[PDB]
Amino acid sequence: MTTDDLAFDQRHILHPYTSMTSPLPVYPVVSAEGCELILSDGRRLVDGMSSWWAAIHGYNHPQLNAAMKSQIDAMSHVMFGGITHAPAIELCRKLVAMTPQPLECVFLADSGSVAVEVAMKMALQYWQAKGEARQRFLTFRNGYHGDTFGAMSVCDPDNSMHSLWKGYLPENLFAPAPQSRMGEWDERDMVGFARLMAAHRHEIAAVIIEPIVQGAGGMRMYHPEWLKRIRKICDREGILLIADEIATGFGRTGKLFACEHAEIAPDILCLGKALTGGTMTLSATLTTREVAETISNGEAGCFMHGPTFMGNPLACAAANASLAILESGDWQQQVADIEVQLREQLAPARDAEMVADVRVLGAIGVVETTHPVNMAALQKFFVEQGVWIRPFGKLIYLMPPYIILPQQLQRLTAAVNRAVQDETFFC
């Protein structure tokens, strides 16, 4: 990649949530292997982010590559209307088997935001079919579910800046962010949620939350009793529960799915990211036959959704390989060992002036700071330490591949500890 290439990127290529006028530095990556990203000039970086949490098996994984190349040899893609294929069937068999028993119907889609849109549409169509006037969603503050208009409508109105779309987005119900930590349970915490449930129980189509961990909305880790109470409340009121596990699914929090921490099953489950081992985009939204059949028996005769590339053979094959790796079960001790090391190596950050909080769960390690990070300056510092860490807001956090070596994880935590010693990289 020439300098002109980089110039073109800066002036012509929009990057995720960043200015086209005040771009901060980008780093040119040529390849990746194991837990390392390789830059154009040869610099090798230990990946602390798993490419936004998806690459749980690292990069250039033999199993993943083999499955992908083999599916390309058969067919990378064929349409899913009136046709089915082995990769979709094998993938759906695994998804049904690995999730709670009631979740036995699968709607594959292209991305996390779309999987959330699908779950939302499922709930609305469900009630439309039952002839129940229910169109509200009840969610938590600090929640984040994606970037498309439906998903945006259930994101924290303050973090996702709902003022920008005030008038276009439907108005949903936002209970207080869960206060009890993953910590002791305080009954005082339920008051806000209960309040909204009592006043709006007749019109709520579904409750939607990220289980245990609220990711992009603040890397918050809350008490599982919340999920227990919400499942019970939904059960009593006849409301659907949507669990967004696009970030928490496939082992990240120490359990296969975060709902397991509370031993609850949602009515609708959204999955993505690590689904494909972070090789390419794919999502899945699972629900019950009660939901799936009711919808088909309604006025529309079917669930009204179906994107062009639905069921893409290549992506399904990658996902099959990713799930196959998890089948060994090795992730359980890998994540447990990571958790221990994170909790050990991040503890010193609690002596640093710039730190507000340190919290760890499975392969998620968070250092919350008192002031906003300088994302450009901190990223450069990290690159200089030979690590890839992408902080944002007041969070310097790690979500590494499950296969990361102790010495690699150590470089990440050391860099973090060093970074927070200095106002240098803040405001």
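Note that residue numbering follows the sequence shown and begins at 1.
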item	value
Unresolved deposited residues lying between neighbours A336 and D337	none
Residue range whose averaged C-alpha B-factor is higher in the record, 248 to 256 or 227 to 235	227 to 235
Average Cα temperature factor in the PDB entry - higher stretch of 239 to 247, 169 to 177	169 to 177
Selection by C-alpha B-factor (highest) of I212, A274, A198, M79	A198
Highest-ranked of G150, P313, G217, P348 once sorted by CA temperature factor in the record	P348
Third of the chain, ranked by Cα B-factor, where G42 sits	highest
Cα B factor band for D357 (lowest, middle or highest third within the chain)	middle
CA B-factor ranking of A415, expressed as a third of its chain	middle
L24 CA temperature factor, ranked by third within the chain	highest
Within-chain third of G183 by Cα B-factor, per the entry	highest
